[PDB]
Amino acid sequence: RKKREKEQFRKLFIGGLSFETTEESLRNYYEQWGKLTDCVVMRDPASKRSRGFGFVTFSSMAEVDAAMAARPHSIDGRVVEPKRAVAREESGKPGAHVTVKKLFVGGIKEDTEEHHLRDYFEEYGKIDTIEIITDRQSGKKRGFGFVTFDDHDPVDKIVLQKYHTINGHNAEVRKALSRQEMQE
């Protein structure tokens, strides 16, 4: 059980697969960034036709990071779409598979500043913007903000890490989804 939990954080969803792509061609491509412990092309039960996506599982979260740092990836003559895998047990939550560049950061109360967030989050990727939300009339800080990156992957890594302490606060960090996006 315990291993399985670990490897969930070492797994990439690979979508946009050529219908020619196999486990072997998938494994050949991703082995350039690490040692794979699993690799699967998901297929229709009846037809065995590729569902156009799969998973690869690496030996560490570092090897995942190295693979994602080397996008774009093309395999069997297609640029594919690699994404950190959402666990099956959370893949029915609203918004779970929605890919965004914006992060919601809550639980930061009144003392937390832009620079706190810039600081804490800059190590994860390139930040475009940072907004701390304040009341419209009173300008009282409402205790949350948003960080937008230039790429969705930082956001995926951040949220998957789950626990974050920011300016002495246990923050709630999630994707910042629109109402539309929340219907996915």
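Superpose the two forms; the largest set of C-alphas matching within 1.5 Å is the rigid core. Residue numbers run from 1 along the displayed sequence.
Engineer: For a rigid core alignment of each structure in 6 other deposited structures of this protein onto the shown form, which stretch has the higher root mean square Cα deviation: 93-101 or 69-77?
Structural biologist: Taking the RMS over all superposed structures in 6 other deposited structures of this protein, 93-101 lies farther out.
Engineer: Between 155-163 and 28-36, which has its CA atoms farther from the current form in 6 other deposited structures of this protein, using a rigid core superposition?
Structural biologist: Once the cores are fitted, 155-163 deviates more in 6 other deposited structures of this protein.
Engineer: Do at least a third of the other entries of this protein fail to model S50?
Structural biologist: No, none of the compared structures omit it.
Engineer: Of the other entries that cover residues on both sides, do at least a third skip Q137?
Structural biologist: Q137: unmodelled in a third or more of the comparison entries.
Engineer: Once you work out the mean C-alpha B-factor for both 27-35 and 134-142 from the entry, which is higher?
Structural biologist: Stretch with the higher mean C-alpha B-factor: 134-142.
Engineer: If you take the mean CA temperature factor per stretch, which one wins between 122-130 and 36-44?
Structural biologist: On average, C-alpha B-factors are higher across 122-130.
Engineer: Determine which member of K83, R78, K101, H97 has the highest CA B-factor, using the values in the deposited entry.
Structural biologist: If I rank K83, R78, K101, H97 by C-alpha B-factor, first place goes to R78.
Engineer: By the record's CA B-factor, is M61 among the lowest, middle or highest third of residues in the chain?
Structural biologist: Highest third - that is where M61 ends up once the chain's C-alpha B-factors are sorted.
Engineer: Once the chain's modelled residues are ordered by C-alpha B factor and cut into thirds, is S74 in the lowest, middle or highest one?
Structural biologist: Its C-alpha B-factor, which the entry lists for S74, ranks in the middle third among residues of this chain.
Engineer: Looking at the entry's B-factor column for C-alpha atoms only, identify whether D156 ranks in the lowest, middle or highest third of its chain.
Structural biologist: It belongs to the lowest third of the chain when residues are ordered by C-alpha B-factor.
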